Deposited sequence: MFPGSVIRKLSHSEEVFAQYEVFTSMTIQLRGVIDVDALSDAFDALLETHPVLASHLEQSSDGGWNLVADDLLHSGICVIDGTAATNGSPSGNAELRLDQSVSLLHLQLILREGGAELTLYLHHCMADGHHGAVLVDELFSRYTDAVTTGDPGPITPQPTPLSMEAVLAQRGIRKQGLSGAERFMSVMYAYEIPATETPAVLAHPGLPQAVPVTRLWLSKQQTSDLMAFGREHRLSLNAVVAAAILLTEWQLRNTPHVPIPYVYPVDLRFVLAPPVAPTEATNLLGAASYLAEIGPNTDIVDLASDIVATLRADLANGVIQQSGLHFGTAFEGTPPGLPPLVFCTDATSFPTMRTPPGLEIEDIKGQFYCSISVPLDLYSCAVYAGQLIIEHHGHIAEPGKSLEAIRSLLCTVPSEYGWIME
């Protein structure tokens, strides 16, 4: 509504991101001439299509958080040639362009209470779609403003759905200024990827499916604790699962959480593990466990709960291709990073295939960041060659 007025209170599912001042960034390394004027038009046009982004959070007397509306007259790009303070109470979106040699660095900051990976990616893609239309044409494209995207509990309420479920047995058995989260990243040669892929569909599996196995195996090899299970959790976009489908910007965060207690022994086989995981998902979907369980992937930012072995979180956020860029500009790299407030127990893995190259990542304040990532690294290059 009018700036200063309350848009809506955040849903319990969204509060995680407010409680840990979680912000998500997306940086595109560029090469070429950035027509800043046109870029600013695209950013302004985008904001008019998603007027919610023009707000901030205010913790209500009732312990909850209010999404309060702001004005769009203040939100503009920020060109440069840390130097920045992300603050929930102030803004939830920041477009930072840093000019460089051949190309500059485009970086979008988005508070996670307004979008999960999918919703955000769609925005990032919209931005570049408008820039291309802004440079190609004098117009960044038509603007049709959308209403306040729904919270997950809102989406379920519209449907029947009124209102962990596997880690109960292993139970007790066996936000000031935000700071960047350390992020380690390892790549794979165009070839090594193709090798892992070929090995993939040569077992009725997928990169993501295998990758998780590799991650889960390694976790055991370094846990220095045998026979102790490894609780696994990953995101599931309920947008293609639920009743009338939900569109990416239609909801804030609609990523369900799929649990899976991996029990790796010294003989456990990659495909064996990979396939069991994939199958369990299907069983849960078929039983409506994922749809009806209030579990969301935001829980990832809450680390491991009491009385439970270290949870392994991994997001299959492989994406960002087919992204429009006018003639003369080209994307050289796309890195994602979080900026939750210090002390966030964020232990998370992630992967994606960029330019036909698999990219492994480990996020969070952890000792020997590239330790497991490397163990997992060589493991994804071994399995495809020597399996028989």
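Residues 82-93, 176-180, 192-204, 419-422 of the deposited sequence have no C-alpha coordinates in the structure.
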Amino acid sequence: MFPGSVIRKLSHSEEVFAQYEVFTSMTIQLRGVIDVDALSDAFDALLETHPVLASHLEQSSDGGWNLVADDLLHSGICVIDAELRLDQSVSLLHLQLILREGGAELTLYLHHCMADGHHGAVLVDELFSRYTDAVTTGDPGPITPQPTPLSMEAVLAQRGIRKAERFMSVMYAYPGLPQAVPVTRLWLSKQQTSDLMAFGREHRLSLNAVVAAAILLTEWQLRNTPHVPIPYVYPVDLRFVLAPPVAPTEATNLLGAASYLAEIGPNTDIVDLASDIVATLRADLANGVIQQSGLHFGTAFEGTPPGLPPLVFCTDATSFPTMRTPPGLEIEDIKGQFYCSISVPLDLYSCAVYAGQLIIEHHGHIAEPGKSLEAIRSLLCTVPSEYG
From here on, numbers count along this sequence of modelled residues.
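Look at the mean CA B-factor for 269-277 and for 290-298 in the entry; the higher one is 269-277.
For the two regions 145-153 and 182-190, the entry's Cα B-factors average higher over 182-190.
Listed residues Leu108, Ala164, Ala247, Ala257 were ranked by CA B-factor as deposited; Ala164 comes out on top.
If you compare the C-alpha temperature factors of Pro231, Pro235, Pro226, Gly117 in the entry, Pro226 comes out highest. Residue-level temperature factors show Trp220 in the highest third of its chain, judged at the C-alpha atom. Per the deposited record, the Cα B-factor of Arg377 falls in the highest third when ranked against the other modelled residues of its chain.
For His12, the recorded CA temperature factor ranks within the middle third of the chain's modelled residues. When the modelled residues of the chain are ordered by their C-alpha B factor, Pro51 lands in the lowest third. The entry lists a Cα temperature factor for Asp133 that places it in the middle third of the chain's modelled residues.
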